[PDB]
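Working notes, structure below.
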Amino acid sequence: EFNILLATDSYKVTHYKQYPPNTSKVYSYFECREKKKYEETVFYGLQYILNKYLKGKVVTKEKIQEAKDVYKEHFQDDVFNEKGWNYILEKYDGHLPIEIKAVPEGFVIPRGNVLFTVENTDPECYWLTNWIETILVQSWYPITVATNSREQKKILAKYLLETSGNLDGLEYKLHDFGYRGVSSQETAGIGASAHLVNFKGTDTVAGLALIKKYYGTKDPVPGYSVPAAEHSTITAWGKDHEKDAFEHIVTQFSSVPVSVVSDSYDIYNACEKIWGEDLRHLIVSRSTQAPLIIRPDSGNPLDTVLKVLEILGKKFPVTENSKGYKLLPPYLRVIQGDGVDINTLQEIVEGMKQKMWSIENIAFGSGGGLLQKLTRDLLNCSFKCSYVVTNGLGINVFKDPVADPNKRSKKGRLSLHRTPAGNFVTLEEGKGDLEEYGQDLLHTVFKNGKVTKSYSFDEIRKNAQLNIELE
Amino acid sequence: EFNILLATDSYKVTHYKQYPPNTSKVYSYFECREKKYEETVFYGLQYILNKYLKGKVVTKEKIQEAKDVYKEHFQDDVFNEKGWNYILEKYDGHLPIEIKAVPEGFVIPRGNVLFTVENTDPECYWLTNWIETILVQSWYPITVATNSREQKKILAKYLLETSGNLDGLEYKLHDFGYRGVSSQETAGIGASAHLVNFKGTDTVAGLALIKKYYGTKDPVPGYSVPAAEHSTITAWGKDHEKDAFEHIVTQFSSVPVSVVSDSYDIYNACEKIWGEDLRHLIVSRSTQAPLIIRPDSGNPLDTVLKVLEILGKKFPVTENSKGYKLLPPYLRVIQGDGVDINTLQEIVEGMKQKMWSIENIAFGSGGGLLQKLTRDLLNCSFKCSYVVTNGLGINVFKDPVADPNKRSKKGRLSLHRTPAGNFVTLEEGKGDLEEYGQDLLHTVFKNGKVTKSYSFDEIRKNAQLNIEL
Ligand SMILES: O=C(NCc1ccc(S(=O)(=O)c2cc(F)cc(F)c2)cc1)c1ccn2cccc2c1
Ligand SMILES: O=C(NCc1ccc(S(=O)(=O)c2cc(F)cc(F)c2)cc1)c1ccn2cccc2c1
């Protein structure tokens, strides 16, 4: 069973002995620190952490003893704050005396703003605020996935609008292929759920259960897929029987969309000769609701996409849409699911536009690029103490390292406000209390072991919409 | 609760309908495909087998749940209820799969078979690749362990050159990555992988994972010591940095203690606070209880060199038997900002050029150690190489025309010693010709049971550096 006493960085076990004596409050905050592009971030994923790990009776006698035993060996010394943890157990029935205030999930906030704050509600538990830094800072991951996914959605939207005149299909243009390429089952669920804030297509099934349990949607599920081959279901037929494999598969899935990986031996042959001639009769008969989606999976992503489109355009009846861009017939589409990240996605869509191909023709699958190739440094997600009370006096505190001003942290009690122009500003030093800037946008989401405000996944999606979608 | 029927890539739900009719066997393998990182540490499969694959993993409830979810997720009825019911009825929900693998901790060159998977019941031909997704996640502990080991090689080389021995090597790269990974589960897995090579960790999650799934003779596999963070310094107020330092080293007077010293001005903290105001509290400390000064900002190499230069003018430096400068034994440095395999190399090489022993320093690495890694680094990949259809075995593979690096292996595979004592993977069942001795893979899973396993102590032995051996 999960034990919050064992869910911190080891050195934090020793910090209760290091704060100034007579300290009754430690108040800390999280931001995606600004850095001398990712100018705005989607706040998402705290609700998961609150419910799974922080709420309810999280301290028991057994958990305290277990931690005491582990730490004695891990430190070769007795340093664990058993008294501090016993107090929470006895006084609060093992509920954490902590209050967390946060911006609403799905909100899109510029870098360098407070996104949530944490403080102790009982003077005895001044040490608890930063005990839970480690677990709360892991919110960096769903924030960063959702943010990076949304930035890709902006690129797709821009190019789809330019080449087609509308945004139809946008929310199916970046499909999550990341389940095998992440570091754990738990990460799979969290990361897939964050991508679903922006899109509806996922093969990372773990995301669906997470959303159902911690967030909820009006619709039965938040994300969808359709049938598709993998190399094994093609290559199993034997090298001389690729056409047989293709025929069997598209016939099995004749009335729903089906994607078919086509590069097992020679992607160009497969497009021009197998699909474009031998099996063309099985493609041009398909419904607009049930296209074949051809999947190249190797070679330079841009060069291969363009060559695949050029081959298909010569074997199938292409039209020119009202923006002047080429469009495959509706029963035929392409998906690029190799080597896709935000940089190569941009390269591909720009290359397509230069060669007069509509973005209507393509979708993208992204695995490691979408869910794994991200770190806490991308958005500088960071948790710092800004305010303490010692001997009954509040003190505004911060770091400001001489050799790196980008690591300077905020001072005092913080609040998040709308500016007169409708942007965001974080007020420091308790200045929010002057009430010159309207209401604080941070809301209490956790207090004394209880989750006090929750958001549905539908609300989060609404909050995270693109301006272009709003327009 | 975990449900293996919901733990695959969606499209795999549809594959049972796509294989050739009358296919009775699908056999697949995992490798770190060949294209730096020439050899990989195989680690982490035992965790997956035990937590997710063994025992009764199918129930009526789990089948119904998957049926209900897939109906909505595909907007259609495509789920193989019958196949999963067959496993439930015939095998009490135990997977009819056999997995063979190289021993955990083994260090194997790229492009070799590391494990194989096949169905043991012809009805379950579709199950081999259903579990690709979950098994391929082994890429992560393999990659963390391998990259951690590659850093240990760098540290060993430079420590040996500058000190003449490897004393303290296994405490020179400390895991700081708990907050910088993507989940609690990943923290445990990744921290465990780093501990194949080192003994220092702050990622406590790794200890319980090792104890549960692998085991050590010692009570714990990894260790830490007290240290400050910026909050326990800055809480004292900007004009009281010295007071915080004094309090902290006094509370931890007889054990090692690390104190982050760059909250306001690292150079001032080193030269004036530690080097003058509090010098008497440092020079009095035991060799078993040094102060470990931690810079945490600025260019890592330049800052480390400047911190050493400052300390070397305030404290009594010696010259070791190799001619390198050594701080007194009560004083050390740890650099735990911006450390990855590349910057680690730059720092130890720069220290060497300035005649500073690597005895002086340790490194903490967070994101660089546990998060900034992907499946592409070692090209960890799972592919079908053999099928039986209509009673006939066929050697199968992919070979994409534009990328020969993605060519996969053909037929039944086995791993062998060469006459020179190296590894080779034989394809096409050639292992059966018995020209290369016994297959070095062992059966580790069969029909719901884990059939071979390794302690964490043996894994560490297998993963040792040549220089250590
Ligand atoms: O093919 C895969 N999944 C099915 C799939 C089919 C079609 C689209 S699509 O984006 O064209 C699409 C979406 C959708 F929800 C409605 C559609 F009509 C069209 C996406 C996924 C696939 C391939 C390689 N992988 C490697 C790791 C994981 C995977 C997943
Ligand atoms: O200071 C930290 N942990 C304690 C710590 C002290 C000393 C060494 S050491 O390698 O110098 C050392 C190891 C050890 F096991 C025996 C020693 F005597 C010496 C390592 C860790 C720390 C700092 C920043 N963080 C940011 C994220 C996580 C952390 C952890």
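Computation of the quantities below employed the complete heavy-atom set of this structure, encompassing side-chain atoms and omitting hydrogens, waters and symmetry-equivalent molecules. Numbered from 1 within each chain, the chains take letters A, B, ... in sequence-line order. Counting convention: from 1, in listed order, for ligands and their atoms alike.
Near B/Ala227, the atoms of ligand 2 lying under 4.0 angstrom from a non-hydrogen atom of the residue are 1 (O), 2 (C), 4 (C). Close approach to A/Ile293 involves these atoms of ligand 1, each under 4.0 Å from a residue heavy atom: 11 (O), 19 (C). Atoms of ligand 2 lying under 4.0 Å from at least one heavy atom of A/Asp9, given by number and element, are 28 (C). Close approach of ligand 1 to A/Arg295 is summarised as follows: ligand atoms under 4.0 Å from at least one heavy atom of the residue are 23 (C), 24 (C). The A/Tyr172 neighbourhood of ligand 1 comprises atoms 10 (O), 14 (C), 15 (F), with distances under 4.0 Å to a heavy atom of that residue. Short contacts between ligand 2 and B/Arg179, defined as distances under 4.0 Å to a heavy atom of the residue, involve ligand atoms 26 (C), 27 (C), 28 (C). Below 4.0 Å from some heavy atom of A/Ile335 lie the following atoms of ligand 1, by number and element: 8 (C), 9 (S), 10 (O), 11 (O), 20 (C). Against a heavy-atom cut-off of under 4.0 Å, A/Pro257 is close to the following atoms of ligand 1: 18 (F). Numbered from 1 in the order shown, with element, the atoms of ligand 1 that lie under 4.0 Å from a heavy atom of A/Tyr224 read 15 (F).
Ring planes of B/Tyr70 and B/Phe74: tilted class, angle from 30 to 60°. Ring-plane geometry between A/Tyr172 and A/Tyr224 is classed as tilted, the angle between the planes lying from 30 to 60 degrees on a 0 to 90 degree scale.
Proximity of A/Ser225 to ligand 1 is established by a heavy-atom distance of less than 4.0 Å. At a 4.0 Å cut-off, not a single heavy atom of B/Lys172 sits close enough to ligand 2 to count as contact.
A salt bridge does not link A/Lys72 to A/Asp77: none of the charged nitrogens lies less than 4.0 Å from a carboxylate oxygen.
For the residues B/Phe198, B/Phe176, B/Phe363, B/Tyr178, the heavy atom positioned nearest atom 28 (C) of ligand 2 is part of B/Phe176. Relative to atom 20 (C) of ligand 1, the option among A/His175, A/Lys200, B/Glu132 with the closest non-hydrogen atom is A/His175.
Only the side chain of B/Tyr11 comes within 4.0 Å of ligand 1, counting heavy atoms alone; its backbone N, CA, C and O stay farther away.
A 4.5 Å side-chain heavy-atom check between B/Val348 and B/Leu155 finds at least one atom pair inside the cut-off. Looking only at side-chain heavy atoms (C-beta outward), B/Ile361 and B/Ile358 come within less than 4.5 Å of each other. For the pair A/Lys399 and B/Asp296, the minimum side-chain heavy-atom distance is below 4.5 Å. In this structure, the side chains of B/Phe176 and B/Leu369 stay at 4.5 Å or more apart for every pair of heavy atoms.
Inclusion of A/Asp203 in the set of residues having an N or O under 3.5 Å from an N or O of ligand 1 is warranted.
Around the NZ atom of B/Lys406, the shell of radius 6.0 Å holds more than 12 heavy atoms that belong to other residues, nucleotides or ligands. Within a 6.0 Å sphere centred on NZ of B/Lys12, other residues, nucleotides and ligands contribute more than 12 heavy atoms.
Summary of contacts: the protein heavy atom closest to atom 16 (C) of ligand 1 is A/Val226 CG1, 3.7 Å.
Remark: aromatic rings of A/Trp127 and A/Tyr19 are distant, center separation not under 6.0 Å.
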